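Chemist: Before I ask anything, let me first share the structure, which is written out below as structure tokens.
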Amino acid sequence: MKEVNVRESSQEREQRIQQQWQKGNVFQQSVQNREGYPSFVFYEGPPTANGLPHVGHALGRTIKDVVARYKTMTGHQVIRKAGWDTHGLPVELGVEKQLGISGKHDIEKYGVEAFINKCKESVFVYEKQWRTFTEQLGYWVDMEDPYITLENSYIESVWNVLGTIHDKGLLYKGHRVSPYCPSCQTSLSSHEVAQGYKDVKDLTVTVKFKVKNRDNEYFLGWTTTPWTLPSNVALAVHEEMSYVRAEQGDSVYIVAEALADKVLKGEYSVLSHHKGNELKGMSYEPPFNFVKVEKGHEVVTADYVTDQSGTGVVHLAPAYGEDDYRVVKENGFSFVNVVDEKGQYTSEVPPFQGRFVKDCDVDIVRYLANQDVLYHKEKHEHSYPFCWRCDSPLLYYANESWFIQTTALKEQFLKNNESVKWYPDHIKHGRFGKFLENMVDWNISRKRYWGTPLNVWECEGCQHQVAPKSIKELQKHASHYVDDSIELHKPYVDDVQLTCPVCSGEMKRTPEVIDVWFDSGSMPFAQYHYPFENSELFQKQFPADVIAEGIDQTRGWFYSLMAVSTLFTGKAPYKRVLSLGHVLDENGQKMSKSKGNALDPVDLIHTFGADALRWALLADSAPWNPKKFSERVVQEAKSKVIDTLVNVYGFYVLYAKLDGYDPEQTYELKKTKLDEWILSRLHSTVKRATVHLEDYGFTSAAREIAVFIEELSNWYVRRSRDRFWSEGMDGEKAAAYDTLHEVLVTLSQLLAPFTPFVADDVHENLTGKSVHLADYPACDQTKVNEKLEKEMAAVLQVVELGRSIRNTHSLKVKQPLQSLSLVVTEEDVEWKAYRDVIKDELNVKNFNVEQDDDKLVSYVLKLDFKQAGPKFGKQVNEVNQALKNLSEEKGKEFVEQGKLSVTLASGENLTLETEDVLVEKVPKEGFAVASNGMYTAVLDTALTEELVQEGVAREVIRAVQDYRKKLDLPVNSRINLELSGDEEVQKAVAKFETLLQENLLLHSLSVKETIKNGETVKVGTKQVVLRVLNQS
Ligand SMILES: CC[C@H](C)[C@H](N)C(=O)NS(=O)(=O)NC[C@H]1O[C@@H](n2cnc3c(N)ncnc32)[C@H](O)[C@@H]1O
Ligand SMILES: [Zn+2]
Ligand SMILES: [Zn+2]
């Protein structure tokens, strides 16, 4: 083993370990060495290369590393291939800002290829930043040969999946009302929409729709979206609902019967009743006539019309509502649209053309009043969908899109999810399962530029569709030569046309790219270029035994993985999911670069070490709920846990070298009880840490290890230092080194998944072998001693109570005290075995175990004025004083009898009730008490001259020992000590001459009045002059 003497920062140690890992190919070796062992299949969720990693990203990569390292150590091969997510809106928008452009028209002007090249350059920059962060965090994952979603082979596998889905009839094009982002100018999927809901307040209005062929009669139409009123095509009523013609003032209003009293306020008179199907076909005047409707402006039956809210007459705009689209289509009414692709009014609405529709709500209300059609308005507090990338409010907008028909396999989705073990369990049928139950088809087409091109070609002539699964299939169908090096991106694939197998017409590729979530969802198949390559490796690497990503992937990678695999293979792509709560700042606020509360994990790693950051991320709280985090928690992990291990390790190395201990040599071992206890704690920790890790309880396993590390340092090492400090390799010293060597090797093995850097530094130096090539240690039950653990835990509690008393009464432990008495209710612990430990640790001359406190306490008596006030009147203070004057035995009698008589000054005898007296139990004179209920410790705090003088002699002994170290004197030489001090020091040194001589290797001791050029030292509150000569 090598020394740990030269001061090394945490960063320097981890850099040294990192280089050791590189030179030895330890990561690669930890995989290859498990060839033929059972597989544990792990999929890396690919980080989006559109920004810098923050400390929240360190949680998931820490947990994935713990799992992979642990499963490797317990006898599994864990292949770890990194991945980078590089397509889609999350990349495009950031690049647009870098370029100072915005929107699809600006991208066309900039140039599609030039824009895409900028995207490629940006993702490459971010990949390197993420790679460096991952390496310094110690998350072993192959970033030399990662999968990358922009790579041609990866895209080809995605094409093969999409082509296979198309073969089944599950990829189709349709004109549907879909959630739509007016800024990004594209439809969005249902999982993307679920990620962007925000509470808003807007206006729902009731508008009068004047009935044609009548007078003073208006329908009361209702809508939550005033901006859709110019596009009105029909009014919807329920067929079997009852409506009333109600007269108010000079007008008559048609409204639902159950809502009339709410809608019509002040005064009305119901004239007639009508069913919903009776009102069918009645024409009316639209609130706006800017747009011309060919067929419409009538009343139709819709089954979804409710009488619970609104008026029972619902304004329908077919282009901006799925129900509205369906009902208008059924009744053959003309479809109309008044909005461009940017969410702005077209020329068909003159007064508002070129304005965002949701910003016209206030002006629409005023226009409604001016036409005298407005009848009511109210505020609507509800959730509304916003774009998960650009924060623009969404619209529901009729649009031609491509869909993956996920609903066709909904039953298979639920069955696959039912096979998955979720952490936390509630996600399975909660956040994730509920999303499966409300499944709609997956809108995958994005009218964008940077992404996986949707590989569907349509014949211009007969609309036949061809979906090439590969470059070879693309080449086979193309009407022109297609080079083998064709890049599977826009615009290169848009220059490829096919010959239609049906009519020989020209086939053109649909222009869209696909949802970025499909790319990552395809990684089980695309990361190995399946089925074109690595068919056998893929089969061994499917399904995954676990994945671990943030909770937002329930609307992300968790869903897209499940959907792609279910549509493609029918099978669940994973057996087990760790759904991780998000890291927040120290205030509980979400982490963001804009908010400035996103800590840099690289700075934390540089300052405190990755081992400390990882430990704090694992041990401070559980990973399943939102997590408050701070630099302070990392600092505490470094000083309390990481530094403590390093110091114990450095202590062992220094004294093992000095004493020439050799773990390969065989010694006669005199194992002590403290050796047995720490070994029992070691293997009990091994057992309980393994049990938690087997159930992915990282926090509980970490906390268990931290407890053991505290016991190892604060108790085992601290109390065993003499056996390392002593000279000569006796049986006890050899046992100490043997015990500590086993603890350090096994503990570092335990810690290897958690704190990989320091664990290897200890283990490799002690054994010559990397800890990460080792097996996870097994619990040796023969070294577990449950009784010994139980007693030492009781001893620690007693020592803690004793220290508490000493601190409370300002009695420093260096000052010996006469006795500690322990009151125990039961003879559970063999206290005789720990007498020397308790007396040493508390510095008491005597340790006595008592069954009760009768010899240690007394009773004083007072009067309960709230209970005995009226009974004695003006004599209450005389009786209360009478109780306080009673002797110790009188109080002892009262607590046993419960009845008491007090004789007042006049001789008047009075009787005291049990509840009239307040009883106080006090320790006997000179004693002090602390109790935890189970144990009552009674300490004699009374000081004698002999006790004080012994304390002075102890202080003299320590002062001399400190002065010897300052002079670099040999530990073997005997010294001539000269000492000067006042009479109290002189008397103490004289009286305890034997004690001084036993603890100091003194050739002679001279007490002088004055010392020439002496060293003044501070012994207690006194100053003592020392001077050391050497025997000549
Ligand atoms: C599995 C990854 C997806 C396919 C996608 N590329 C993506 O979300 N990429 S990411 O880089 O934005 N996310 C990386 C991982 O970090 C999690 N995460 C993101 N933000 C936080 C946060 N504040 N606290 C904790 N974890 C967080 C993501 O869920 C993902 O696991
Ligand atoms: Zn958007
Ligand atoms: Zn054709």
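Naming works like this for the structure tokens: A, B, ... for the chains as they're shown, residue 1 at the start of each chain, ligands 1 onward in shown order.
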So which residues touch residue 722 of chain A within 12 Å, counting only C-alpha atoms, skipping near sequence neighbours fewer than 3 positions away, as a list in words?
Modeler: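 Residues meeting the cut-off are residues 655, 716, 717, 718, 719, 725, 726, 727, 728, 732, 733, 736 and 737 of chain A.
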Chemist: Those same residues - N, CA and C atoms - I'd like them written as a PDB file, in the first residue's frame.
Modeler:
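Printed below is result10.pdb as written:
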```pdb
ATOM      1  N   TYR A 655      -0.030   4.157  10.260  1.00  0.00           N
ATOM      2  CA  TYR A 655       0.451   3.305  11.338  1.00  0.00           C
ATOM      3  C   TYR A 655       0.723   1.876  10.892  1.00  0.00           C
ATOM      4  N   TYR A 716     -15.070   3.026  17.380  1.00  0.00           N
ATOM      5  CA  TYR A 716     -14.107   1.934  17.294  1.00  0.00           C
ATOM      6  C   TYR A 716     -12.686   2.458  17.155  1.00  0.00           C
ATOM      7  N   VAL A 717     -12.447   3.334  16.179  1.00  0.00           N
ATOM      8  CA  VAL A 717     -11.095   3.842  15.966  1.00  0.00           C
ATOM      9  C   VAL A 717     -10.660   4.719  17.135  1.00  0.00           C
ATOM     10  N   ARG A 718     -11.537   5.627  17.578  1.00  0.00           N
ATOM     11  CA  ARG A 718     -11.152   6.579  18.619  1.00  0.00           C
ATOM     12  C   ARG A 718     -10.750   5.864  19.905  1.00  0.00           C
ATOM     13  N   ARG A 719     -11.484   4.817  20.283  1.00  0.00           N
ATOM     14  CA  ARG A 719     -11.151   4.064  21.486  1.00  0.00           C
ATOM     15  C   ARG A 719     -10.037   3.044  21.276  1.00  0.00           C
ATOM     16  N   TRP A 725      -1.046   3.133  18.485  1.00  0.00           N
ATOM     17  CA  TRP A 725       0.039   3.998  18.936  1.00  0.00           C
ATOM     18  C   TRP A 725       1.135   3.215  19.647  1.00  0.00           C
ATOM     19  N   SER A 726       0.793   2.081  20.256  1.00  0.00           N
ATOM     20  CA  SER A 726       1.744   1.330  21.061  1.00  0.00           C
ATOM     21  C   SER A 726       2.852   0.737  20.192  1.00  0.00           C
ATOM     22  N   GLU A 727       3.950   0.369  20.847  1.00  0.00           N
ATOM     23  CA  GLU A 727       5.090  -0.253  20.191  1.00  0.00           C
ATOM     24  C   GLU A 727       5.072  -1.759  20.422  1.00  0.00           C
ATOM     25  N   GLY A 728       5.599  -2.499  19.449  1.00  0.00           N
ATOM     26  CA  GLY A 728       5.633  -3.945  19.547  1.00  0.00           C
ATOM     27  C   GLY A 728       4.353  -4.602  19.074  1.00  0.00           C
ATOM     28  N   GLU A 732      -2.846  -7.990  20.729  1.00  0.00           N
ATOM     29  CA  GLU A 732      -3.913  -7.000  20.638  1.00  0.00           C
ATOM     30  C   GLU A 732      -3.686  -6.039  19.480  1.00  0.00           C
ATOM     31  N   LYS A 733      -2.440  -5.609  19.267  1.00  0.00           N
ATOM     32  CA  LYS A 733      -2.164  -4.713  18.149  1.00  0.00           C
ATOM     33  C   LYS A 733      -2.455  -5.392  16.818  1.00  0.00           C
ATOM     34  N   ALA A 736      -6.039  -5.427  16.128  1.00  0.00           N
ATOM     35  CA  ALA A 736      -6.545  -4.118  15.731  1.00  0.00           C
ATOM     36  C   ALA A 736      -6.326  -3.873  14.243  1.00  0.00           C
ATOM     37  N   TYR A 737      -5.111  -4.143  13.753  1.00  0.00           N
ATOM     38  CA  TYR A 737      -4.833  -3.981  12.328  1.00  0.00           C
ATOM     39  C   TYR A 737      -5.659  -4.947  11.491  1.00  0.00           C
TER      40      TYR A 737
END
```
Chemist: Do you know which residues are within 7 Å of ligand 2 using only C-alpha atoms and all ligand atoms? Can you write them as a PyMOL selection string?
Modeler: chain A and resi 181-184+387-392
Chemist: Selected residues, N, CA, C and O atoms, written as a PDB file, in the first residue's frame, please.
Modeler:
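The resulting file, out.pdb, is shown below:
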```
ATOM      1  N   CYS A 181     -49.676  24.447 -31.788  1.00  0.00           N
ATOM      2  CA  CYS A 181     -48.925  25.588 -31.286  1.00  0.00           C
ATOM      3  C   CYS A 181     -48.839  26.655 -32.364  1.00  0.00           C
ATOM      4  O   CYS A 181     -48.193  26.425 -33.397  1.00  0.00           O
ATOM      5  N   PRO A 182     -49.465  27.820 -32.181  1.00  0.00           N
ATOM      6  CA  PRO A 182     -49.393  28.868 -33.214  1.00  0.00           C
ATOM      7  C   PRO A 182     -48.007  29.477 -33.382  1.00  0.00           C
ATOM      8  O   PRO A 182     -47.731  30.053 -34.441  1.00  0.00           O
ATOM      9  N   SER A 183     -47.131  29.380 -32.379  1.00  0.00           N
ATOM     10  CA  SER A 183     -45.776  29.907 -32.521  1.00  0.00           C
ATOM     11  C   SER A 183     -44.876  28.924 -33.263  1.00  0.00           C
ATOM     12  O   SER A 183     -44.324  29.249 -34.320  1.00  0.00           O
ATOM     13  N   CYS A 184     -44.715  27.713 -32.717  1.00  0.00           N
ATOM     14  CA  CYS A 184     -43.956  26.678 -33.411  1.00  0.00           C
ATOM     15  C   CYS A 184     -44.601  26.295 -34.736  1.00  0.00           C
ATOM     16  O   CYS A 184     -43.914  25.757 -35.612  1.00  0.00           O
ATOM     17  N   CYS A 387     -47.723  25.411 -25.015  1.00  0.00           N
ATOM     18  CA  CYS A 387     -46.652  24.659 -25.654  1.00  0.00           C
ATOM     19  C   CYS A 387     -45.548  24.353 -24.651  1.00  0.00           C
ATOM     20  O   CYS A 387     -44.985  25.264 -24.035  1.00  0.00           O
ATOM     21  N   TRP A 388     -45.224  23.066 -24.509  1.00  0.00           N
ATOM     22  CA  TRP A 388     -44.223  22.633 -23.541  1.00  0.00           C
ATOM     23  C   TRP A 388     -42.822  23.142 -23.864  1.00  0.00           C
ATOM     24  O   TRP A 388     -41.934  23.036 -23.011  1.00  0.00           O
ATOM     25  N   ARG A 389     -42.592  23.685 -25.060  1.00  0.00           N
ATOM     26  CA  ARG A 389     -41.284  24.239 -25.395  1.00  0.00           C
ATOM     27  C   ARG A 389     -41.250  25.767 -25.379  1.00  0.00           C
ATOM     28  O   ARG A 389     -40.381  26.350 -24.725  1.00  0.00           O
ATOM     29  N   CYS A 390     -42.164  26.436 -26.085  1.00  0.00           N
ATOM     30  CA  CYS A 390     -42.095  27.888 -26.239  1.00  0.00           C
ATOM     31  C   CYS A 390     -43.094  28.653 -25.373  1.00  0.00           C
ATOM     32  O   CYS A 390     -43.165  29.881 -25.483  1.00  0.00           O
ATOM     33  N   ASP A 391     -43.871  27.966 -24.536  1.00  0.00           N
ATOM     34  CA  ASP A 391     -44.816  28.557 -23.587  1.00  0.00           C
ATOM     35  C   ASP A 391     -45.953  29.326 -24.251  1.00  0.00           C
ATOM     36  O   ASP A 391     -46.719  30.005 -23.557  1.00  0.00           O
ATOM     37  N   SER A 392     -46.091  29.248 -25.567  1.00  0.00           N
ATOM     38  CA  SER A 392     -47.233  29.876 -26.211  1.00  0.00           C
ATOM     39  C   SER A 392     -48.512  29.114 -25.867  1.00  0.00           C
ATOM     40  O   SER A 392     -48.492  27.883 -25.754  1.00  0.00           O
TER      41      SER A 392
END
```
Chemist: Let me see if you get this right: every residue at most 6 Å from ligand 1, counting only C-alpha atoms and all ligand atoms, written as a ChimeraX atom specification.
Modeler: /A:45-48,56-57,85,520,549-553,557,582-583,591
Chemist: Return as a compact mmCIF listing (two decimals) with N, CA and C atoms, in the first residue's frame the residues of protein, DNA or RNA that approach ligand 3 to within 7 Å, with only C-alpha atoms and all ligand atoms taken into account.
Modeler:
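Result file pocket.txt:
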```txt
# COMPACT_ATOMS: atom_id res chain seq x y z
N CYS A 459 -48.17 8.79 -53.89
CA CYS A 459 -48.26 8.99 -55.32
C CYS A 459 -49.09 10.23 -55.63
N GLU A 460 -48.52 11.15 -56.41
CA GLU A 460 -49.25 12.33 -56.86
C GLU A 460 -50.50 11.95 -57.64
N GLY A 461 -50.47 10.82 -58.34
CA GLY A 461 -51.58 10.41 -59.17
C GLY A 461 -52.72 9.75 -58.42
N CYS A 462 -52.42 8.66 -57.70
CA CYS A 462 -53.46 7.84 -57.09
C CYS A 462 -53.39 7.76 -55.57
N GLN A 463 -52.47 8.49 -54.93
CA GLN A 463 -52.34 8.63 -53.48
C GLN A 463 -51.93 7.34 -52.78
N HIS A 464 -51.50 6.33 -53.53
CA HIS A 464 -50.90 5.14 -52.93
C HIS A 464 -49.70 5.53 -52.09
N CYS A 500 -44.55 4.93 -58.58
CA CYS A 500 -45.69 4.28 -57.94
C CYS A 500 -45.86 2.86 -58.48
N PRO A 501 -45.90 1.84 -57.63
CA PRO A 501 -46.13 0.47 -58.12
C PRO A 501 -47.51 0.28 -58.74
N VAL A 502 -48.45 1.19 -58.50
CA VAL A 502 -49.82 1.02 -58.98
C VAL A 502 -50.00 1.66 -60.35
N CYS A 503 -49.69 2.95 -60.46
CA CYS A 503 -49.95 3.69 -61.69
C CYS A 503 -48.69 4.24 -62.35
N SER A 504 -47.51 4.00 -61.77
CA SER A 504 -46.23 4.50 -62.26
C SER A 504 -46.13 6.03 -62.18
N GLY A 505 -47.01 6.67 -61.42
CA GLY A 505 -46.89 8.10 -61.20
C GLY A 505 -45.77 8.44 -60.23
```
Chemist: Compile the contact shell of residue 1005 of chain A as a list in words: residues with an atom at most 10 Å away, counting only C-alpha atoms, same-chain residues fewer than 2 positions apart removed.
Modeler: residues 975, 976, 977, 978, 979, 989, 993, 996, 997, 1002, 1003, 1007, 1008 and 1028 of chain A
Chemist: Restricting the calculation to only C-alpha atoms, which member of A:346, A:625, A:39, A:972 is positioned closest to residue 423 of chain A?
Modeler: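 Checking each candidate against residue 423 of chain A, we get A:625 as the closest.
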Chemist: Just how far from atom CA of residue 699 of chain A is atom CA of residue 41 of chain A, in Å to one decimal?
Modeler: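 Going from atom CA of residue 41 of chain A over to atom CA of residue 699 of chain A covers 23.0 Å.
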Chemist: Which one is closest to residue 115 of chain A: A:91, A:735, A:474, A:300? Count only C-alpha atoms.
Modeler: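 Looking only at the distances to residue 115 of chain A, the closest residue turns out to be A:91.
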Chemist: What is the distance between atom CA of residue 856 of chain A and atom CA of residue 938 of chain A, in Å to one decimal?
Modeler: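 These two atoms are separated by 7.5 Å.
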Chemist: When distances are computed from only C-alpha atoms, which of A:167, A:294, A:113, A:156 shows the smallest separation from residue 531 of chain A?
Modeler: A:156
Chemist: Compile the contact shell of residue 164 of chain A as a PyMOL selection string: residues with an atom at most 12 Å away, counting only C-alpha atoms, same-chain residues fewer than 6 positions apart removed.
Modeler: chain A and resi 157-158+170-171+404+455-456+466-470+531+564-565+567-569
Chemist: Take the residues from that selection and put them in a file with C-alpha atoms, as a CSV table (one decimal), in the first residue's frame.
Modeler:
```csv
chain,number,residue,atom,x,y,z
A,157,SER,CA,-33.8,1.7,-37.7
A,158,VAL,CA,-36.5,4.3,-36.9
A,170,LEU,CA,-51.4,1.7,-38.0
A,171,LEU,CA,-49.8,4.8,-39.6
A,404,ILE,CA,-49.7,6.3,-35.0
A,455,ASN,CA,-40.7,8.0,-44.4
A,456,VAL,CA,-44.0,7.9,-46.3
A,466,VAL,CA,-45.0,3.5,-49.8
A,467,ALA,CA,-43.0,3.5,-46.6
A,468,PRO,CA,-39.4,2.3,-47.2
A,469,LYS,CA,-37.9,0.5,-44.2
A,470,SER,CA,-34.3,1.1,-45.3
A,531,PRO,CA,-32.6,-5.5,-37.7
A,564,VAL,CA,-43.1,2.2,-30.0
A,565,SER,CA,-42.4,-1.2,-28.6
A,567,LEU,CA,-46.8,-1.0,-31.8
A,568,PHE,CA,-43.6,-2.6,-33.2
A,569,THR,CA,-43.2,-5.9,-31.3
```
